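*Asks:* Provided below: run_12.cif, containing mmCIF, N, CA, C and O atoms; chains and numbers go by the auth columns.
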```cif
data_work
loop_
_atom_site.group_PDB
_atom_site.id
_atom_site.type_symbol
_atom_site.label_atom_id
_atom_site.label_comp_id
_atom_site.label_asym_id
_atom_site.label_seq_id
_atom_site.Cartn_x
_atom_site.Cartn_y
_atom_site.Cartn_z
_atom_site.B_iso_or_equiv
_atom_site.auth_seq_id
_atom_site.auth_asym_id
ATOM 1 N N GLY A 1 5.457 -4.604 15.364 0.00 1 X
ATOM 2 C CA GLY A 1 6.217 -3.419 15.014 0.00 1 X
ATOM 3 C C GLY A 1 6.838 -3.515 13.634 0.00 1 X
ATOM 4 O O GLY A 1 8.053 -3.658 13.502 0.00 1 X
ATOM 5 N N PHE A 2 6.002 -3.439 12.604 0.00 2 X
ATOM 6 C CA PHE A 2 6.475 -3.520 11.227 0.00 2 X
ATOM 7 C C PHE A 2 5.493 -2.847 10.274 0.00 2 X
ATOM 8 O O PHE A 2 4.279 -3.003 10.403 0.00 2 X
ATOM 9 N N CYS A 3 6.029 -2.096 9.316 0.00 3 X
ATOM 10 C CA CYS A 3 5.202 -1.397 8.341 0.00 3 X
ATOM 11 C C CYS A 3 5.778 -1.543 6.935 0.00 3 X
ATOM 12 O O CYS A 3 6.969 -1.799 6.766 0.00 3 X
ATOM 13 N N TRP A 4 4.924 -1.378 5.932 0.00 4 X
ATOM 14 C CA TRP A 4 5.348 -1.490 4.541 0.00 4 X
ATOM 15 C C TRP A 4 4.387 -0.750 3.617 0.00 4 X
ATOM 16 O O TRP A 4 3.268 -0.416 4.008 0.00 4 X
ATOM 17 N N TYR A 5 4.830 -0.498 2.390 0.00 5 X
ATOM 18 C CA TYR A 5 4.008 0.205 1.411 0.00 5 X
ATOM 19 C C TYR A 5 3.480 -0.758 0.352 0.00 5 X
ATOM 20 O O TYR A 5 4.215 -1.603 -0.159 0.00 5 X
ATOM 21 N N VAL A 6 2.198 -0.623 0.026 0.00 6 X
ATOM 22 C CA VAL A 6 1.570 -1.479 -0.974 0.00 6 X
ATOM 23 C C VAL A 6 0.892 -0.649 -2.058 0.00 6 X
ATOM 24 O O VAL A 6 0.209 0.334 -1.768 0.00 6 X
ATOM 25 N N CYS A 7 1.082 -1.052 -3.310 0.00 7 X
ATOM 26 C CA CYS A 7 0.490 -0.348 -4.440 0.00 7 X
ATOM 27 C C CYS A 7 -0.693 -1.127 -5.008 0.00 7 X
ATOM 28 O O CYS A 7 -0.629 -2.347 -5.161 0.00 7 X
ATOM 29 N N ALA A 8 -1.770 -0.414 -5.319 0.00 8 X
ATOM 30 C CA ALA A 8 -2.966 -1.037 -5.872 0.00 8 X
ATOM 31 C C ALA A 8 -3.487 -0.257 -7.074 0.00 8 X
ATOM 32 O O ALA A 8 -3.179 0.923 -7.240 0.00 8 X
ATOM 33 N N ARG A 9 -4.275 -0.924 -7.910 0.00 9 X
ATOM 34 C CA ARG A 9 -4.837 -0.292 -9.097 0.00 9 X
ATOM 35 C C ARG A 9 -6.337 -0.061 -8.933 0.00 9 X
ATOM 36 O O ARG A 9 -7.143 -0.963 -9.163 0.00 9 X
ATOM 37 N N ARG A 10 -6.702 1.153 -8.534 0.00 10 X
ATOM 38 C CA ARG A 10 -8.103 1.502 -8.337 0.00 10 X
ATOM 39 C C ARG A 10 -8.557 2.533 -9.366 0.00 10 X
ATOM 40 O O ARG A 10 -7.945 3.590 -9.511 0.00 10 X
ATOM 41 N N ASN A 11 -9.634 2.218 -10.079 0.00 11 X
ATOM 42 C CA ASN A 11 -10.168 3.116 -11.096 0.00 11 X
ATOM 43 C C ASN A 11 -9.079 3.536 -12.077 0.00 11 X
ATOM 44 O O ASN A 11 -9.048 4.678 -12.536 0.00 11 X
ATOM 45 N N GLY A 12 -8.184 2.605 -12.396 0.00 12 X
ATOM 46 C CA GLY A 12 -7.105 2.897 -13.321 0.00 12 X
ATOM 47 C C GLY A 12 -6.083 3.851 -12.735 0.00 12 X
ATOM 48 O O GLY A 12 -5.412 4.579 -13.468 0.00 12 X
ATOM 49 N N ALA A 13 -5.964 3.850 -11.412 0.00 13 X
ATOM 50 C CA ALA A 13 -5.016 4.722 -10.729 0.00 13 X
ATOM 51 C C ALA A 13 -4.168 3.938 -9.734 0.00 13 X
ATOM 52 O O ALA A 13 -4.693 3.184 -8.914 0.00 13 X
ATOM 53 N N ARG A 14 -2.854 4.119 -9.811 0.00 14 X
ATOM 54 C CA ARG A 14 -1.932 3.427 -8.918 0.00 14 X
ATOM 55 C C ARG A 14 -1.842 4.139 -7.571 0.00 14 X
ATOM 56 O O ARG A 14 -1.247 5.212 -7.463 0.00 14 X
ATOM 57 N N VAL A 15 -2.437 3.535 -6.547 0.00 15 X
ATOM 58 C CA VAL A 15 -2.423 4.110 -5.208 0.00 15 X
ATOM 59 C C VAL A 15 -1.456 3.362 -4.297 0.00 15 X
ATOM 60 O O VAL A 15 -1.571 2.149 -4.115 0.00 15 X
ATOM 61 N N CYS A 16 -0.504 4.092 -3.727 0.00 16 X
ATOM 62 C CA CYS A 16 0.484 3.498 -2.835 0.00 16 X
ATOM 63 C C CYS A 16 0.505 4.219 -1.490 0.00 16 X
ATOM 64 O O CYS A 16 0.407 5.444 -1.429 0.00 16 X
ATOM 65 N N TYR A 17 0.634 3.449 -0.415 0.00 17 X
ATOM 66 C CA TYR A 17 0.666 4.013 0.929 0.00 17 X
ATOM 67 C C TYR A 17 1.274 3.025 1.920 0.00 17 X
ATOM 68 O O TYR A 17 1.187 1.811 1.735 0.00 17 X
ATOM 69 N N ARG A 18 1.888 3.556 2.972 0.00 18 X
ATOM 70 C CA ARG A 18 2.512 2.722 3.994 0.00 18 X
ATOM 71 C C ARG A 18 1.545 2.457 5.143 0.00 18 X
ATOM 72 O O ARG A 18 0.863 3.366 5.617 0.00 18 X
ATOM 73 N N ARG A 19 1.490 1.206 5.588 0.00 19 X
ATOM 74 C CA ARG A 19 0.606 0.820 6.680 0.00 19 X
ATOM 75 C C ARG A 19 1.312 -0.133 7.641 0.00 19 X
ATOM 76 O O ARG A 19 2.395 -0.640 7.346 0.00 19 X
ATOM 77 N N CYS A 20 0.691 -0.372 8.791 0.00 20 X
ATOM 78 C CA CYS A 20 1.259 -1.263 9.796 0.00 20 X
ATOM 79 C C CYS A 20 0.232 -2.295 10.251 0.00 20 X
ATOM 80 O O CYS A 20 -0.951 -1.988 10.392 0.00 20 X
ATOM 81 N N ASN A 21 0.694 -3.521 10.478 0.00 21 X
ATOM 82 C CA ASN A 21 -0.185 -4.599 10.917 0.00 21 X
ATOM 83 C C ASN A 21 -0.534 -4.450 12.394 0.00 21 X
ATOM 84 O O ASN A 21 -0.550 -5.429 13.139 0.00 21 X
#
```
Take the structure from the file and write it as structure tokens.
*Replies:*
Amino acid sequence: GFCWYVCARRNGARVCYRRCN
């Protein structure tokens, strides 16, 4: 029961989203 947001650099674009394990 834990979630967090991670940012990544795809095609020169910063993509951020929250996910859960």
*Asks:* Evaluate the PyMOL selection byres ((chain X and resi 18) around 7) on the structure here and hand back the selected residues as a list in words.
*Replies:* residues 3, 4, 5, 6, 16, 17, 19 and 20 of chain X
*Asks:* Record the distance separating atom N of residue X:8 and atom N of residue X:21, expressed in Å with one decimal.
*Replies:*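 Interatomic distance here is 16.3 Å.
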*Asks:* Could you please write out, as a PyMOL selection string, every residue of chain X that DSSP assigns to strand (DSSP E or B)?
*Replies:* chain X and resi 3-10+13-20
*Asks:* Can you tell me how far atom N of residue X:14 sits from atom O of residue X:1, in Å to one decimal?
*Replies:*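 Separation of atom N of residue X:14 and atom O of residue X:1: 26.9 Å.
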